[PDB]
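With mmCIF, C-alpha atoms and all ligand atoms inside, this is start07.cif:
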```
data_query
#
loop_
_atom_site.label_atom_id
_atom_site.label_comp_id
_atom_site.auth_asym_id
_atom_site.auth_seq_id
_atom_site.Cartn_x
_atom_site.Cartn_y
_atom_site.Cartn_z
CA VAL G 131 111.71 83.88 140.94
CA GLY G 132 115.41 82.93 140.62
CA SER G 133 114.96 82.11 136.89
CA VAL G 134 113.82 85.76 136.25
CA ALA G 135 116.83 87.17 138.26
CA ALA G 136 119.20 85.03 136.08
CA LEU G 137 117.38 86.12 132.84
CA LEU G 138 117.84 89.82 133.85
CA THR G 139 121.64 89.33 134.41
CA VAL G 140 121.98 87.73 130.90
CA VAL G 141 119.94 90.61 129.27
CA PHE G 142 121.95 93.21 131.27
CA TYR G 143 125.29 91.83 130.05
CA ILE G 144 124.13 91.57 126.35
CA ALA G 145 122.90 95.20 126.35
CA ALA G 146 126.09 96.44 128.13
CA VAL G 147 128.21 94.63 125.47
CA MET G 148 125.96 96.18 122.69
CA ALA G 149 125.99 99.74 124.14
CA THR G 150 129.87 99.56 124.63
CA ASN G 151 130.06 98.74 120.91
CA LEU G 152 127.55 101.32 119.57
CA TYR G 153 128.10 104.44 121.77
CA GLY G 154 131.53 103.86 123.34
CA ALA G 155 133.78 105.64 120.78
CA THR G 156 131.51 108.75 120.73
CA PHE G 157 130.43 108.74 124.46
CA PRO G 158 133.46 107.33 126.44
CA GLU G 159 132.46 108.47 129.99
CA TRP G 160 129.11 106.65 129.50
CA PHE G 161 129.92 103.55 127.35
CA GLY G 162 133.81 103.22 127.19
CA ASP G 163 134.51 99.93 129.00
CA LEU G 164 131.78 97.25 129.54
CA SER G 165 132.07 98.36 133.29
CA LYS G 166 131.14 102.05 132.45
CA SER G 167 128.20 100.55 130.35
CA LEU G 168 126.71 98.21 133.11
CA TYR G 169 126.70 101.27 135.43
CA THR G 170 124.99 103.60 132.91
CA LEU G 171 122.38 100.94 132.00
CA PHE G 172 121.52 100.46 135.69
CA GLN G 173 121.16 104.31 135.93
CA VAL G 174 118.84 104.22 132.86
CA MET G 175 117.08 101.13 134.38
CA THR G 176 116.24 103.13 137.60
CA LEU G 177 115.07 105.93 135.16
CA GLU G 178 117.55 108.46 136.74
CA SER G 179 118.41 111.17 134.05
CA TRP G 180 117.75 108.60 131.30
CA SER G 181 116.49 111.09 128.61
CA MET G 182 117.84 114.64 129.40
CA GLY G 183 121.09 113.20 130.84
CA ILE G 184 121.94 110.24 128.50
CA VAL G 185 119.49 109.53 125.60
CA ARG G 186 118.96 113.13 124.34
CA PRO G 187 122.81 113.92 124.19
CA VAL G 188 123.39 110.44 122.56
CA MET G 189 120.62 111.03 119.97
CA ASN G 190 122.44 114.27 118.91
CA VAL G 191 125.12 111.91 117.43
CA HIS G 192 122.99 108.70 116.88
CA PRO G 193 119.42 109.92 115.94
CA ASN G 194 117.96 106.39 116.38
CA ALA G 195 119.52 105.65 119.84
CA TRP G 196 115.86 105.52 121.16
CA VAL G 197 115.39 102.11 119.34
CA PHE G 198 117.94 100.71 121.89
CA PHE G 199 117.07 102.61 125.12
CA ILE G 200 113.21 102.74 125.05
CA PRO G 201 112.83 98.88 124.59
CA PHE G 202 115.60 98.27 127.24
CA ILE G 203 113.55 100.46 129.67
CA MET G 204 110.20 98.76 128.82
CA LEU G 205 111.86 95.30 129.12
CA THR G 206 113.82 95.83 132.41
CA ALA G 207 110.83 97.66 134.03
CA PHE G 208 108.57 94.70 133.07
CA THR G 209 111.18 92.10 134.21
CA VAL G 210 111.69 93.93 137.60
CA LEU G 211 107.84 94.19 138.03
CA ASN G 212 107.51 90.44 137.21
CA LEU G 213 110.41 89.66 139.65
CA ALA G 214 108.70 91.86 142.32
CA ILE G 215 105.42 89.85 142.14
CA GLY G 216 107.35 86.54 142.21
CA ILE G 217 108.46 87.32 145.81
CA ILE G 218 104.84 88.49 146.61
CA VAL G 219 103.25 85.16 145.41
CA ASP G 220 105.87 83.10 147.39
CA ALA G 221 104.52 84.95 150.53
CA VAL L 131 95.35 92.96 129.53
CA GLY L 132 95.81 93.42 125.75
CA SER L 133 92.77 95.78 125.64
CA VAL L 134 94.55 98.15 128.13
CA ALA L 135 97.84 98.03 126.07
CA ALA L 136 95.82 99.00 122.92
CA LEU L 137 93.94 101.79 124.84
CA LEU L 138 97.33 103.25 125.98
CA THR L 139 98.67 103.34 122.35
CA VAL L 140 95.48 105.20 121.18
CA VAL L 141 95.75 107.73 124.12
CA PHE L 142 99.53 108.13 123.47
CA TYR L 143 98.96 108.99 119.79
CA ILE L 144 96.06 111.46 120.52
CA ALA L 145 98.16 113.34 123.13
CA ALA L 146 101.21 113.21 120.78
CA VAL L 147 99.10 114.83 118.01
CA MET L 148 97.69 117.44 120.52
CA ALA L 149 101.08 118.38 122.11
CA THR L 150 102.65 118.68 118.52
CA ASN L 151 99.86 121.17 117.71
CA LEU L 152 99.90 123.24 120.95
CA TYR L 153 103.65 123.40 121.85
CA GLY L 154 105.30 122.60 118.50
CA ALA L 155 105.94 126.08 117.09
CA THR L 156 107.26 127.43 120.43
CA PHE L 157 109.18 124.26 121.63
CA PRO L 158 110.44 122.52 118.38
CA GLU L 159 113.16 120.21 119.85
CA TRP L 160 110.55 118.72 122.22
CA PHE L 161 107.28 118.88 120.24
CA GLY L 162 108.25 119.68 116.57
CA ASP L 163 107.39 116.49 114.65
CA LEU L 164 104.77 114.01 116.09
CA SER L 165 107.83 111.66 116.53
CA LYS L 166 109.65 114.29 118.71
CA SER L 167 106.36 114.55 120.74
CA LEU L 168 105.93 110.68 121.26
CA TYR L 169 109.52 110.60 122.61
CA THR L 170 108.95 113.58 125.02
CA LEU L 171 105.58 112.20 126.18
CA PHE L 172 107.23 108.84 127.01
CA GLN L 173 109.94 110.82 128.94
CA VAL L 174 107.15 112.66 130.85
CA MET L 175 105.32 109.29 131.26
CA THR L 176 108.42 107.75 133.03
CA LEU L 177 108.46 111.04 135.11
CA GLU L 178 112.09 111.83 133.98
CA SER L 179 112.63 115.71 134.11
CA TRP L 180 108.87 116.20 133.50
CA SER L 181 108.51 119.43 135.52
CA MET L 182 111.95 121.20 135.70
CA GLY L 183 112.98 119.80 132.29
CA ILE L 184 109.74 120.22 130.24
CA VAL L 185 106.56 121.57 131.96
CA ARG L 186 108.12 124.55 133.84
CA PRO L 187 109.93 125.95 130.65
CA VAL L 188 106.68 125.32 128.62
CA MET L 189 104.52 127.11 131.23
CA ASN L 190 106.78 130.22 130.81
CA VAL L 191 105.16 130.55 127.31
CA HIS L 192 101.80 128.66 127.91
CA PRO L 193 100.81 129.38 131.61
CA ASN L 194 98.11 126.65 131.57
CA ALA L 195 100.27 123.84 130.05
CA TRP L 196 99.74 121.96 133.42
CA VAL L 197 96.04 121.28 132.37
CA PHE L 198 97.53 119.01 129.62
CA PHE L 199 100.57 117.40 131.34
CA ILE L 200 99.28 116.72 134.92
CA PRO L 201 96.16 114.73 133.69
CA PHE L 202 98.35 112.89 131.06
CA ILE L 203 100.69 111.84 133.95
CA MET L 204 97.80 110.80 136.28
CA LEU L 205 96.15 108.88 133.38
CA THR L 206 99.25 107.04 131.99
CA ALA L 207 100.50 106.22 135.55
CA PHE L 208 97.04 104.74 136.37
CA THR L 209 96.84 102.89 132.99
CA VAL L 210 100.40 101.43 133.44
CA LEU L 211 99.53 100.41 137.09
CA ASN L 212 96.27 98.79 135.83
CA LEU L 213 98.23 97.05 132.98
CA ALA L 214 100.86 95.87 135.54
CA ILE L 215 98.23 94.14 137.76
CA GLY L 216 96.52 92.62 134.69
CA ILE L 217 99.63 90.43 134.10
CA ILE L 218 99.76 89.69 137.91
CA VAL L 219 96.10 88.43 138.04
CA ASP L 220 96.62 86.26 134.87
CA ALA L 221 99.72 84.58 136.45
CA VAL H 131 88.96 103.58 147.35
CA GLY H 132 87.11 106.91 146.90
CA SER H 133 87.58 107.76 150.62
CA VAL H 134 91.42 107.59 150.14
CA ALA H 135 91.23 109.82 146.96
CA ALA H 136 89.23 112.43 148.99
CA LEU H 137 91.70 112.19 151.96
CA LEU H 138 94.63 112.86 149.54
CA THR H 139 92.91 116.03 148.12
CA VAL H 140 92.38 117.38 151.71
CA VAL H 141 96.07 116.64 152.65
CA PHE H 142 97.27 118.16 149.32
CA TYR H 143 95.39 121.43 149.94
CA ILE H 144 96.57 121.71 153.64
CA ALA H 145 100.23 121.22 152.62
CA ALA H 146 99.90 123.67 149.66
CA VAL H 147 98.41 126.29 152.06
CA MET H 148 101.30 125.56 154.57
CA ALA H 149 104.11 125.65 151.95
CA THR H 150 102.65 128.97 150.45
CA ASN H 151 102.94 130.40 153.98
CA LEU H 152 106.42 129.07 154.92
CA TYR H 153 108.45 129.28 151.65
CA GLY H 154 106.45 131.71 149.48
CA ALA H 155 108.16 135.03 150.40
CA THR H 156 111.67 133.53 149.93
CA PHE H 157 110.89 131.14 146.97
CA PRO H 158 108.13 132.90 144.88
CA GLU H 159 108.43 130.84 141.62
CA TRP H 160 107.90 127.67 143.72
CA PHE H 161 105.48 128.68 146.54
CA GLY H 162 104.07 132.22 145.67
CA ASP H 163 100.34 131.61 145.12
CA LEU H 164 98.55 128.46 146.45
CA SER H 165 98.39 127.50 142.65
CA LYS H 166 102.26 127.60 142.27
CA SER H 167 102.38 125.46 145.54
CA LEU H 168 99.87 122.66 144.43
CA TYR H 169 101.98 122.31 141.24
CA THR H 170 105.34 122.11 143.08
CA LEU H 171 103.95 119.62 145.65
CA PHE H 172 102.69 117.36 142.83
CA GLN H 173 106.24 117.61 141.28
CA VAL H 174 107.73 116.64 144.69
CA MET H 175 104.99 113.93 145.03
CA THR H 176 106.12 112.29 141.70
CA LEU H 177 109.73 112.64 143.12
CA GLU H 178 110.84 114.74 140.06
CA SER H 179 113.83 117.00 141.15
CA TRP H 180 112.49 117.00 144.73
CA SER H 181 115.91 117.29 146.52
CA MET H 182 118.52 118.83 144.09
CA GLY H 183 115.83 120.99 142.42
CA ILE H 184 113.58 122.14 145.34
CA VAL H 185 114.49 120.88 148.87
CA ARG H 186 118.30 121.50 148.77
CA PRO H 187 117.93 125.20 147.49
CA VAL H 188 115.07 125.74 150.07
CA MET H 189 117.17 124.29 152.93
CA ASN H 190 119.90 126.91 152.11
CA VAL H 191 117.40 129.51 153.51
CA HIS H 192 115.26 127.22 155.83
CA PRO H 193 117.70 124.53 157.24
CA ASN H 194 114.78 122.43 158.61
CA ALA H 195 112.64 122.41 155.39
CA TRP H 196 113.22 118.56 155.35
CA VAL H 197 110.78 118.23 158.38
CA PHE H 198 108.02 119.34 155.92
CA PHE H 199 109.05 117.67 152.61
CA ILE H 200 110.32 114.21 153.76
CA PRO H 201 107.06 113.36 155.73
CA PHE H 202 104.91 114.78 152.82
CA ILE H 203 106.81 112.37 150.46
CA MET H 204 106.49 109.35 152.82
CA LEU H 205 102.77 110.15 153.38
CA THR H 206 101.71 110.79 149.71
CA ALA H 207 103.78 107.77 148.48
CA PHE H 208 102.03 105.56 151.10
CA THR H 209 98.56 107.06 150.31
CA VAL H 210 99.09 106.56 146.50
CA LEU H 211 100.33 102.94 147.15
CA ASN H 212 97.26 102.30 149.38
CA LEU H 213 94.98 103.89 146.68
CA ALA H 214 96.70 101.70 144.00
CA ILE H 215 95.89 98.44 145.88
CA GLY H 216 92.30 99.60 146.50
CA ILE H 217 91.62 99.38 142.72
CA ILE H 218 93.52 95.99 142.63
CA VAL H 219 91.31 94.42 145.40
CA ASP H 220 88.08 95.71 143.68
CA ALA H 221 89.25 93.61 140.61
CA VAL R 131 105.37 94.57 158.73
CA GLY R 132 106.77 96.49 161.74
CA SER R 133 109.84 94.18 161.84
CA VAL R 134 110.74 95.27 158.24
CA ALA R 135 110.27 99.02 159.14
CA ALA R 136 112.67 98.54 162.13
CA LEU R 137 115.20 96.59 159.93
CA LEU R 138 115.20 99.49 157.39
CA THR R 139 115.95 102.09 160.16
CA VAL R 140 118.92 99.96 161.41
CA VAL R 141 120.28 99.53 157.80
CA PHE R 142 119.72 103.29 157.11
CA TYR R 143 121.75 104.31 160.19
CA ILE R 144 124.64 101.82 159.46
CA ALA R 145 124.97 103.07 155.85
CA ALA R 146 124.63 106.71 157.07
CA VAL R 147 127.54 106.12 159.51
CA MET R 148 129.59 104.33 156.73
CA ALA R 149 128.99 106.98 154.00
CA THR R 150 129.85 109.82 156.57
CA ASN R 151 133.17 108.02 157.16
CA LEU R 152 134.10 107.19 153.52
CA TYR R 153 132.88 110.29 151.57
CA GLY R 154 132.64 112.92 154.34
CA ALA R 155 136.03 114.63 154.08
CA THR R 156 135.89 114.81 150.25
CA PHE R 157 132.09 115.55 149.82
CA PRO R 158 131.09 117.62 152.96
CA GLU R 159 127.76 119.14 151.75
CA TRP R 160 126.47 115.61 150.99
CA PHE R 161 128.16 113.42 153.63
CA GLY R 162 129.68 115.82 156.28
CA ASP R 163 127.59 115.21 159.42
CA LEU R 164 125.69 111.86 159.84
CA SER R 165 122.53 114.07 159.45
CA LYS R 166 123.74 115.35 156.01
CA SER R 167 124.35 111.64 155.09
CA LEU R 168 120.80 110.39 156.22
CA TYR R 169 119.28 113.12 154.01
CA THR R 170 121.45 112.22 150.94
CA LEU R 171 120.85 108.48 151.43
CA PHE R 172 117.07 109.08 151.48
CA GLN R 173 117.50 111.17 148.25
CA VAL R 174 119.44 108.22 146.69
CA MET R 175 116.79 105.81 148.13
CA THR R 176 113.96 107.71 146.25
CA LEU R 177 116.33 107.53 143.17
CA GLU R 178 116.31 111.39 142.81
CA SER R 179 119.65 112.51 141.07
CA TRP R 180 121.38 109.39 142.53
CA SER R 181 123.83 108.87 139.63
CA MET R 182 124.38 112.24 137.81
CA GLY R 183 123.80 114.22 141.03
CA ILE R 184 125.73 112.11 143.62
CA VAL R 185 127.40 108.81 142.52
CA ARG R 186 129.09 110.04 139.29
CA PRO R 187 130.78 113.12 141.05
CA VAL R 188 131.75 110.82 144.02
CA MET R 189 133.25 108.18 141.68
CA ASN R 190 135.53 110.94 140.21
CA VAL R 191 137.34 110.84 143.64
CA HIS R 192 136.43 107.23 144.80
CA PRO R 193 136.29 105.06 141.57
CA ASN R 194 134.62 102.14 143.43
CA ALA R 195 131.87 104.20 145.19
CA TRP R 196 129.33 102.12 143.09
CA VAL R 197 130.10 99.03 145.35
CA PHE R 198 128.41 101.03 148.20
CA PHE R 199 125.55 102.87 146.40
CA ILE R 200 124.26 100.23 143.89
CA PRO R 201 123.73 97.51 146.63
CA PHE R 202 122.18 100.18 149.00
CA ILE R 203 119.69 101.03 146.16
CA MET R 204 118.91 97.34 145.36
CA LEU R 205 118.50 96.61 149.11
CA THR R 206 116.32 99.63 150.11
CA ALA R 207 114.16 99.28 146.93
CA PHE R 208 113.60 95.57 147.78
CA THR R 209 112.96 96.34 151.51
CA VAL R 210 110.45 99.16 150.62
CA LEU R 211 108.72 96.82 148.06
CA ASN R 212 108.57 94.04 150.73
CA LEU R 213 107.24 96.60 153.31
CA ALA R 214 104.64 97.83 150.74
CA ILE R 215 103.20 94.29 150.22
CA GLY R 216 103.21 93.63 153.99
CA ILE R 217 100.47 96.30 154.42
CA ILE R 218 98.65 94.86 151.31
CA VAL R 219 98.54 91.26 152.75
CA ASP R 220 97.34 92.55 156.19
CA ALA R 221 94.44 94.49 154.54
NA NA I 301 111.94 108.46 139.10
#
```
Exercise: express the given structure as structure tokens:
Amino acid sequence: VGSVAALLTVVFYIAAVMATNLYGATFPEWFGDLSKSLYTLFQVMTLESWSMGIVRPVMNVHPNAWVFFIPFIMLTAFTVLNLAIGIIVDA
Amino acid sequence: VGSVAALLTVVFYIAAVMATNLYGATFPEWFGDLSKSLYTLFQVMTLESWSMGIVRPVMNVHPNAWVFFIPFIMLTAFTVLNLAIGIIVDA
Amino acid sequence: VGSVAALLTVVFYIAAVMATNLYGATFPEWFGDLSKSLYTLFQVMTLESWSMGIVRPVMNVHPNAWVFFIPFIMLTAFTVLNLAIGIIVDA
Amino acid sequence: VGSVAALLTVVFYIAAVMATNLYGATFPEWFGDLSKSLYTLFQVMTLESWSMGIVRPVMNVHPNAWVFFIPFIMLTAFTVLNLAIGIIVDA
């Protein structure tokens, strides 16, 4: 259960470093510092305005931005679901 | 578990072909190419701006668009939930 | 499992009759016919733009609209969660 | 199961008192009265427009508002998930 929570933190930092690099210069309010990034990725992770509010405007500059965001969503939603059941089994 | 993941991909391509056909000419940024469709159907699948963002503007041209989108949502949300538990049982 | 699915349909029709009555005259695009209602309640049920997009504008006319929507959300989210596990137990 | 539901109500009132205090004077429509707060915290709890709708505009005045909202989200989403499974185990 704790191994999954650690794995998520590692994945979350790698993607926030990557996003900062790719979309920072073009989208500064969303991916400027690594701090702005980790916040935006959590927002995308909870699904809140992920497409109409972040991905669609980003794709208007980077047409393949979906190759980054869609897998990140599928991964973090699977990891969170796997982490959720870990607590369920332990009880 | 893998049989459900394959079934979802087949259903996702059939609906992405159908939407392209029905709402393509009228809503090109959302359903123009099959690719544009697959992206918008995933957005609808995650529930992100499905109604206010997509369905409501579409229904202003196609008043029965809800006959397509509502079942797609109920189906994909059931399939994902069934796929989620498949991994849980196997653990 | 089927008893819960029937219970939800009964609850969904009662609330769509009630909403049509309360907020129809003031909010016609959202609660005009019972048809417009059943669509909006499903949108609220999936959580899509429930507060900023429906409840907050409604409360600007009906300050207690939250007494209707919040319980409907808590009820339908519990019923769907109970219906979800029903399929899980049967497998 | 009932102990978790009581714990959530206590946590929801403490955060609703805190938010009222911190973001009340600056954001009155969202955190003016404790009542206005309890409604906005539930909206954030369901994830509806949490970031683009509330947190991002709040952070434009209080740059560290994320220290309050992100943990509240992680806590209430864990508590609700734990409360959900409590009913599942008892069945
Ligand atoms: Na959502």
(request) Write out as a list in words each polymer residue whose atoms come within 8 Å of region 194-208 of chain L, counting only C-alpha atoms; drop sequence neighbours fewer than 6 positions from it. (result) residues 138, 145, 174, 175, 177, 185 and 188 of chain L
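Of the listed residues G:219, G:211, G:181, G:144, the one whose atoms come nearest to ligand NA 301 (chain I) is G:181, with distances taken using only C-alpha atoms and all ligand atoms.
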(message) Please return as a count of residues only the residues found within 10 Å of ligand NA 301 (chain I), counting all atoms listed in the file.
(response) 17
(request) Quick one: pull the distance between CA of residue 171 (chain R) and CA of residue 187 (chain L), Å, one decimal. (result)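 Interatomic distance, CA of residue 171 (chain R) to CA of residue 187 (chain L): 29.3 Å.
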(request) Would you kindly return, as a ChimeraX atom specification, each protein, DNA or RNA residue with an atom no farther than 9 Å from any atom of residue 167 (chain R), considering all atoms listed in the file and excluding same-chain residues fewer than 6 positions away? (result) /R:145-147,149-150,154,159-161
(message) Would you compute the distance between CA of residue 216 (chain R) and CA of residue 217 (chain G)? Give it in Å to one decimal.
(response) 11.6 Å
(request) Identify which of the residues L:131, L:168, L:155, L:191 lies closest to residue 143 (chain L), counting all atoms listed in the file when measuring atom-to-atom distances. (result)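 Smallest distance to residue 143 (chain L) is found for L:168.
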(request) Could you please determine the separation between CA of residue 210 (chain L) and CA of residue 135 (chain L) in Å, to one decimal place? (result)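 Value for the CA of residue 210 (chain L)-CA of residue 135 (chain L) distance: 8.5 Å.
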(message) Given the point (124.9, 114.5, 133.3) in the coordinates of this file, which residues lie within 9 Å, counting all atoms listed in the file, and how would they look as a ChimeraX atom specification?
(response) /G:179,182-184 /R:181-183,186
Those residues with C-alpha atoms, as a short mmCIF file (atom, residue, chain, number, x, y, z; two decimals), in the coordinates of the input please?
```cif
data_model
loop_
_atom_site.label_atom_id
_atom_site.label_comp_id
_atom_site.auth_asym_id
_atom_site.auth_seq_id
_atom_site.Cartn_x
_atom_site.Cartn_y
_atom_site.Cartn_z
CA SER G 179 118.41 111.17 134.05
CA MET G 182 117.84 114.64 129.40
CA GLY G 183 121.09 113.20 130.84
CA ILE G 184 121.94 110.24 128.50
CA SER R 181 123.83 108.87 139.63
CA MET R 182 124.38 112.24 137.81
CA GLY R 183 123.80 114.22 141.03
CA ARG R 186 129.09 110.04 139.29
#
```
To box region 147-155 of chain G, take all atoms listed in the file, fit an axis-aligned box, add 6 Å on each side, and give centre and edge lengths in Å to one decimal, as lines of an AutoDock Vina configuration file.
```
center_x = 129.9
center_y = 100.1
center_z = 122.5
size_x = 19.8
size_y = 23.0
size_z = 17.9
```
(message) Using all atoms listed in the file for the distances, tell me which of L:139, L:172, L:190, L:152 is nearest to chain G.
(response)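 The shortest atom-to-atom distance to chain G comes from L:172.
Using only C-alpha atoms, the shortest contact distance between chain R and any of G:213, G:173, G:192, G:164 is found at G:173.
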(message) Here is a test: counting only C-alpha atoms, which residue of G:148, G:218, G:142, G:165 is nearest to chain R?
(response)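 Closest to chain R, using only C-alpha atoms: G:218.
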(request) Rank nothing, just name the residue among R:133, R:209, R:156, R:169 nearest to chain H, using all atoms listed in the file. (result) R:169
